[PDB]
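Shown next: my_file_3.txt, containing compact mmCIF, C-alpha atoms and all ligand atoms.
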# COMPACT_ATOMS: atom_id res chain seq x y z
CA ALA A 1 16.35 127.62 196.50
CA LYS A 2 17.19 126.89 192.80
CA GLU A 3 20.77 128.33 192.83
CA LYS A 4 21.16 130.51 189.73
CA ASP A 5 24.78 131.13 188.65
CA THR A 6 24.12 130.09 185.00
CA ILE A 7 26.11 132.10 182.40
CA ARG A 8 23.87 132.97 179.41
CA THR A 9 26.50 133.28 176.67
CA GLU A 10 26.22 133.12 172.83
CA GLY A 11 28.35 131.04 170.43
CA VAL A 12 28.91 129.82 166.86
CA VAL A 13 28.19 126.08 166.34
CA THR A 14 31.46 124.20 165.68
CA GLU A 15 31.28 120.38 165.57
CA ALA A 16 28.12 118.28 165.13
CA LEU A 17 28.53 115.21 167.38
CA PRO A 18 26.05 112.35 168.14
CA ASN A 19 22.89 112.89 170.34
CA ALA A 20 22.73 116.54 169.13
CA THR A 21 25.76 117.46 171.30
CA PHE A 22 27.15 120.56 169.56
CA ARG A 23 30.73 121.82 170.24
CA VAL A 24 29.85 125.60 170.19
CA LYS A 25 32.75 128.07 169.93
CA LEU A 26 31.37 130.58 172.45
CA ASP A 27 31.78 134.38 172.67
CA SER A 28 33.35 133.59 176.09
CA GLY A 29 36.24 131.53 174.66
CA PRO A 30 36.81 127.72 174.65
CA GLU A 31 34.40 125.24 172.96
CA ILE A 32 32.76 122.47 174.98
CA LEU A 33 30.41 119.62 174.29
CA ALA A 34 27.25 121.58 174.93
CA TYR A 35 24.13 119.58 174.25
CA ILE A 36 20.65 120.54 172.99
CA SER A 37 17.70 121.65 175.23
CA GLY A 38 14.58 119.57 175.84
CA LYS A 39 12.39 122.35 174.43
CA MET A 40 14.27 122.19 171.14
CA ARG A 41 13.94 118.40 171.05
CA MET A 42 10.19 118.71 171.58
CA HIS A 43 9.63 121.37 168.85
CA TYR A 44 11.84 119.48 166.27
CA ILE A 45 14.45 122.22 165.62
CA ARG A 46 17.53 121.24 163.52
CA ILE A 47 20.84 123.03 164.18
CA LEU A 48 23.64 122.91 161.60
CA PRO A 49 27.33 123.92 161.99
CA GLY A 50 26.82 127.61 161.04
CA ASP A 51 24.51 129.24 163.64
CA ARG A 52 25.00 131.64 166.58
CA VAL A 53 23.21 129.72 169.42
CA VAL A 54 22.86 130.64 173.11
CA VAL A 55 24.57 128.14 175.43
CA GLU A 56 23.64 128.31 179.15
CA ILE A 57 27.01 127.45 180.79
CA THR A 58 27.73 126.16 184.37
CA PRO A 59 30.51 127.66 186.62
CA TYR A 60 31.56 124.30 188.28
CA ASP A 61 33.34 122.98 185.17
CA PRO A 62 33.09 124.78 181.79
CA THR A 63 33.06 121.48 179.79
CA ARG A 64 29.23 121.12 179.34
CA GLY A 65 26.58 123.70 178.38
CA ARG A 66 23.05 123.80 176.93
CA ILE A 67 21.80 125.17 173.57
CA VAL A 68 18.62 127.10 174.56
CA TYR A 69 17.83 129.65 171.78
CA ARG A 70 16.98 128.55 168.24
CA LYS A 71 20.02 129.73 166.21
CA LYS B 3 27.65 102.75 103.55
CA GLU B 4 25.00 100.77 101.61
CA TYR B 5 25.79 100.02 97.96
CA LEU B 6 23.82 98.02 95.40
CA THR B 7 26.13 95.16 94.36
CA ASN B 8 26.30 92.57 91.50
CA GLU B 9 22.65 92.18 90.23
CA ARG B 10 21.26 95.26 92.06
CA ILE B 11 23.04 97.19 89.23
CA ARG B 12 20.05 97.83 86.88
CA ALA B 13 22.11 100.60 85.15
CA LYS B 14 22.93 99.71 81.51
CA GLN B 15 26.42 101.25 81.13
CA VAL B 16 28.90 101.42 84.07
CA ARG B 17 32.38 103.02 84.43
CA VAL B 18 34.49 100.15 85.84
CA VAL B 19 37.39 100.59 88.37
CA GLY B 20 39.62 97.52 88.99
CA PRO B 21 40.95 95.77 92.17
CA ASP B 22 44.01 98.09 92.57
CA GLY B 23 43.03 101.47 90.98
CA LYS B 24 43.24 100.51 87.26
CA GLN B 25 40.50 102.30 85.28
CA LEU B 26 38.85 99.76 82.91
CA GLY B 27 36.76 102.63 81.36
CA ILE B 28 33.10 102.74 80.25
CA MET B 29 31.81 99.11 80.17
CA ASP B 30 28.52 97.18 79.75
CA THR B 31 26.87 95.83 82.98
CA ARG B 32 26.99 92.21 81.83
CA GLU B 33 30.66 92.51 80.88
CA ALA B 34 31.45 94.04 84.28
CA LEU B 35 29.62 91.19 86.01
CA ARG B 36 31.59 88.65 83.98
CA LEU B 37 34.85 90.37 84.93
CA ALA B 38 33.85 90.28 88.60
CA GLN B 39 33.04 86.57 88.33
CA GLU B 40 36.43 85.94 86.71
CA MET B 41 38.30 87.63 89.69
CA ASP B 42 35.83 85.90 92.11
CA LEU B 43 35.12 89.40 93.58
CA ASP B 44 31.91 91.51 93.77
CA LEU B 45 30.93 94.32 91.37
CA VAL B 46 30.08 97.17 93.82
CA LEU B 47 28.15 100.39 92.95
CA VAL B 48 30.41 103.04 94.66
CA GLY B 49 29.27 105.82 92.29
CA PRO B 50 25.47 105.46 91.69
CA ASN B 51 25.00 109.24 91.02
CA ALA B 52 27.96 109.65 88.55
CA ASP B 53 27.74 109.48 84.69
CA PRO B 54 28.28 105.94 83.46
CA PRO B 55 27.93 104.82 87.17
CA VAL B 56 31.37 104.34 88.86
CA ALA B 57 31.40 100.55 89.53
CA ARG B 58 34.29 98.97 91.49
CA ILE B 59 35.62 95.38 91.39
CA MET B 60 36.28 94.53 95.09
CA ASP B 61 35.52 91.99 97.87
CA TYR B 62 32.44 93.73 99.25
CA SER B 63 31.94 91.80 102.48
CA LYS B 64 35.58 92.34 103.43
CA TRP B 65 35.25 96.06 102.74
CA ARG B 66 32.12 96.21 104.90
CA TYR B 67 33.97 94.42 107.70
CA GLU B 68 36.83 96.92 107.42
CA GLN B 69 34.38 99.82 107.59
CA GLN B 70 32.77 98.33 110.69
CA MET B 71 36.20 97.92 112.30
CA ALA B 72 37.03 101.54 111.54
CA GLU B 73 33.73 102.67 113.08
CA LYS B 74 34.35 100.64 116.21
CA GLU B 75 37.99 101.56 116.82
CA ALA B 76 37.20 105.26 116.35
CA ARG B 77 34.55 105.15 119.14
CA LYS B 78 37.22 104.24 121.79
CA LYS B 79 40.15 106.54 120.86
CA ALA B 80 35.32 109.04 120.80
CA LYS B 81 33.16 107.85 123.75
CA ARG B 82 37.71 108.24 125.03
CA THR B 83 37.11 109.01 128.77
CA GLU B 84 34.07 110.20 130.80
CA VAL B 85 32.78 112.04 133.92
CA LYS B 86 32.84 110.29 137.31
CA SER B 87 30.72 112.15 139.90
CA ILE B 88 31.34 112.08 143.69
CA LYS B 89 28.57 113.55 145.83
CA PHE B 90 29.93 114.85 149.20
CA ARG B 91 27.91 116.38 152.10
CA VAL B 92 27.68 119.21 154.68
CA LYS B 93 29.01 117.97 158.03
CA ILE B 94 31.22 115.41 156.20
CA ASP B 95 33.88 113.69 158.34
CA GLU B 96 37.33 112.10 158.53
CA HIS B 97 37.71 108.48 157.38
CA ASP B 98 34.88 108.73 154.86
CA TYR B 99 36.34 111.97 153.48
CA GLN B 100 39.73 110.31 153.09
CA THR B 101 38.14 107.35 151.29
CA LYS B 102 36.37 109.73 148.93
CA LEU B 103 39.65 111.55 148.27
CA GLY B 104 41.33 108.22 147.50
CA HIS B 105 38.51 107.35 145.10
CA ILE B 106 38.94 110.69 143.36
CA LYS B 107 42.69 110.09 143.06
CA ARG B 108 42.06 106.67 141.54
CA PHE B 109 39.63 108.17 139.03
CA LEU B 110 42.19 110.81 138.08
CA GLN B 111 44.82 108.11 137.57
CA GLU B 112 42.39 106.19 135.36
CA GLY B 113 41.86 109.33 133.25
CA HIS B 114 38.23 110.18 134.02
CA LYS B 115 37.10 113.76 134.65
CA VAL B 116 35.63 114.40 138.07
CA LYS B 117 32.39 116.10 138.99
CA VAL B 118 32.88 117.00 142.65
CA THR B 119 29.23 117.61 143.67
CA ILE B 120 27.48 118.04 147.05
CA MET B 121 23.68 117.35 147.39
CA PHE B 122 21.99 119.66 149.88
CA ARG B 123 18.94 119.63 152.14
CA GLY B 124 17.91 122.94 153.79
CA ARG B 125 19.32 125.61 156.12
CA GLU B 126 21.16 127.11 153.08
CA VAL B 127 22.64 129.90 155.30
CA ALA B 128 25.68 127.81 156.38
CA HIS B 129 25.65 125.71 153.15
CA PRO B 130 27.74 127.76 150.68
CA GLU B 131 30.70 128.30 153.01
CA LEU B 132 31.69 124.91 154.39
CA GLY B 133 30.72 123.20 151.11
CA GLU B 134 32.99 125.57 149.19
CA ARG B 135 35.78 125.08 151.69
CA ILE B 136 35.68 121.29 151.50
CA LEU B 137 35.84 121.42 147.70
CA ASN B 138 38.78 123.81 147.84
CA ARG B 139 40.58 121.52 150.29
CA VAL B 140 40.00 118.57 147.96
CA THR B 141 41.41 120.55 145.04
CA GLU B 142 44.47 121.49 147.10
CA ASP B 143 45.01 117.84 147.99
CA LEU B 144 44.96 116.97 144.24
CA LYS B 145 46.85 120.05 142.85
CA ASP B 146 49.61 117.47 142.43
CA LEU B 147 47.18 115.53 140.10
CA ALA B 148 44.27 117.58 138.69
CA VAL B 149 43.41 120.96 137.13
CA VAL B 150 40.43 122.98 138.42
CA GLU B 151 37.82 123.29 135.63
CA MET B 152 34.34 124.41 136.79
CA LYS B 153 34.91 126.40 140.00
CA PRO B 154 32.18 126.43 142.81
CA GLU B 155 28.61 126.42 141.25
CA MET B 156 25.00 126.17 142.57
CA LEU B 157 22.48 123.92 140.76
CA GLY B 158 19.49 124.76 143.05
CA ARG B 159 19.68 122.09 145.79
CA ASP B 160 23.21 121.05 144.70
CA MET B 161 26.73 122.50 144.67
CA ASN B 162 29.08 121.21 142.00
CA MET B 163 32.77 121.33 141.12
CA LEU B 164 34.85 119.84 138.29
CA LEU B 165 38.40 118.54 137.96
CA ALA B 166 40.39 117.14 135.02
CA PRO B 167 43.70 115.09 135.09
CA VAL B 168 46.97 117.17 134.67
CA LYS B 169 48.75 115.29 131.78
CA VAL B 170 46.35 113.52 129.39
MG MG C 1 19.56 127.11 187.05

Using structure tokens, write down the structure from this file.
Ligand SMILES: [Mg+2]
Amino acid sequence: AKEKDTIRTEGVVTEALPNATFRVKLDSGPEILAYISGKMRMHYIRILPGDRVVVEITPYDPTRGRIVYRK
Amino acid sequence: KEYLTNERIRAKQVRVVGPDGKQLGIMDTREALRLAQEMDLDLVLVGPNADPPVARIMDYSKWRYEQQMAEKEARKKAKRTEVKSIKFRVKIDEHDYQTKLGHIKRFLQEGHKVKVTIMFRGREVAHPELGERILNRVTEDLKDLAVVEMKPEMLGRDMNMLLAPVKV
């Protein structure tokens, strides 16, 4: 199956937390603890509070996303 | 500073000034020496370049000591406060920030002028903004204590500010 309902929305990076879990003030609205993708981890790509990153957000509970695009 | 006293006066005729400001006129060297011996004071060469050299009867060591004292005292009320530098950061956070602020306050109280610097790394797109903002916030916090001197400035990989205490 692989049930695709994933919202591909952009957002400005807000708060740098541990584990590379970035609060991202989205273009959708409210900021959530959206963490970094595995791809990014592999390629060694540093995000700072001041970038417009794409966060792939879930419809079940908008509390956790995923930073996919580099800045 | 350095004067040629007693027997370092090779000069044949010397114009002699007494212990208090009494001008004893144009005298022989030997006579001057004798006079000095009589007072149990030194015969100092305070005017080596003047006609019949201006030679003073004084306690030379004491004078030297006084001079030294003067030099020393001057260099406290001329060294007279310095620059303390605090080096903040980008994603800087709560408790630490507060501590830094406290430190700054203490420095201001002491009397020492504050370089409010931030050392940077890379990704200089975000850098100017937040860095500037933090500095401004700090200034606002201490507008009850310090005057803004050097407003936001890049030094290459650095961003520096400067504050001075209000009433000095
Ligand atoms: Mg999916």

Fill in: Within 8 Å of ligand MG 1 (chain C), counting all atoms listed in the file, residues as an MDAnalysis selection string
chainID A and resid 2:6

Item to complete: For residue 12 in chain B, work out the shell of residues within 12 Å, counting only C-alpha atoms and skipping chain neighbours fewer than 4 positions away, then give it as a PyMOL selection string.
Response: chain B and resi 6-8+16+30-32+35+47+50+55+57

Item to complete: May I have the residues at most 12 Å from (29.6, 123.8, 182.4) in the file's coordinates, counting all atoms listed in the file, as a PyMOL selection string?
Response: chain A and resi 5-9+30-35+55-67

Fill in: Exercise answer, chain A residues close to chain B, 9 Å and only C-alpha atoms, as a PyMOL selection string
chain A and resi 15-16+46-51

Worksheet item: Which polymer residues, protein or nucleic acid, are no farther than 10 Å from (47.2, 117.1, 140.9), counting only C-alpha atoms, as a count of residues only?
Response: 18

Discussion item. Please compute the CA of residue 121 in chain B-CA of residue 161 in chain B distance, one decimal, in Å.
Written reply: 6.6 Å

Discussion item. So that I can see what lies close to residue 68 in chain A, please list as a PyMOL selection string the residues with an atom at most 9 Å from it, counting all atoms listed in the file and leaving out residues fewer than 4 positions away in the same chain.
Written reply: chain A and resi 36-40+53-56

Worksheet, complete the sentence: In Å and to one decimal, CA of residue 104 in chain B is distant from CA of residue 119 in chain B by 15.8 Å

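Straight-line separation from CA of residue 66 in chain B to CA of residue 33 in chain B: 24.3 Å.
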
Considering only C-alpha atoms, return as a PDB file with C-alpha atoms, in the frame of the given file whatever protein or nucleic-acid residues lie within 12 Å of residue 88 in chain B, sequence-local ones (same chain, fewer than 5 positions apart) excluded.
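That gives us around-v8.pdb:
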ATOM      1  CA  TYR B  99      36.340 111.970 153.480  1.00  0.00           C
ATOM      2  CA  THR B 101      38.140 107.350 151.290  1.00  0.00           C
ATOM      3  CA  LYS B 102      36.370 109.730 148.930  1.00  0.00           C
ATOM      4  CA  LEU B 103      39.650 111.550 148.270  1.00  0.00           C
ATOM      5  CA  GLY B 104      41.330 108.220 147.500  1.00  0.00           C
ATOM      6  CA  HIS B 105      38.510 107.350 145.100  1.00  0.00           C
ATOM      7  CA  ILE B 106      38.940 110.690 143.360  1.00  0.00           C
ATOM      8  CA  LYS B 107      42.690 110.090 143.060  1.00  0.00           C
ATOM      9  CA  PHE B 109      39.630 108.170 139.030  1.00  0.00           C
ATOM     10  CA  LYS B 115      37.100 113.760 134.650  1.00  0.00           C
ATOM     11  CA  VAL B 116      35.630 114.400 138.070  1.00  0.00           C
ATOM     12  CA  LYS B 117      32.390 116.100 138.990  1.00  0.00           C
ATOM     13  CA  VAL B 118      32.880 117.000 142.650  1.00  0.00           C
ATOM     14  CA  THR B 119      29.230 117.610 143.670  1.00  0.00           C
ATOM     15  CA  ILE B 120      27.480 118.040 147.050  1.00  0.00           C
ATOM     16  CA  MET B 121      23.680 117.350 147.390  1.00  0.00           C
ATOM     17  CA  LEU B 137      35.840 121.420 147.700  1.00  0.00           C
ATOM     18  CA  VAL B 140      40.000 118.570 147.960  1.00  0.00           C
ATOM     19  CA  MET B 161      26.730 122.500 144.670  1.00  0.00           C
ATOM     20  CA  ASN B 162      29.080 121.210 142.000  1.00  0.00           C
ATOM     21  CA  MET B 163      32.770 121.330 141.120  1.00  0.00           C
ATOM     22  CA  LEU B 164      34.850 119.840 138.290  1.00  0.00           C
ATOM     23  CA  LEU B 165      38.400 118.540 137.960  1.00  0.00           C
TER      24      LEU B 165
END

Worksheet item: If you count only C-alpha atoms, which residues fall within 12 Å of residue 24 in chain B, apart from same-chain ones fewer than 4 positions away, as an MDAnalysis selection string?
Response: chainID B and resid 17:20 58:59

Set up a box along x, y and z of the file covering all listed atoms of range 52-64 of chain A, add 8 Å on every one of the six sides, and write the centre and edge lengths in Å to one decimal, as AutoDock Vina command-line options.
--center_x 28.1 --center_y 126.4 --center_z 177.4 --size_x 26.5 --size_y 26.5 --size_z 37.7
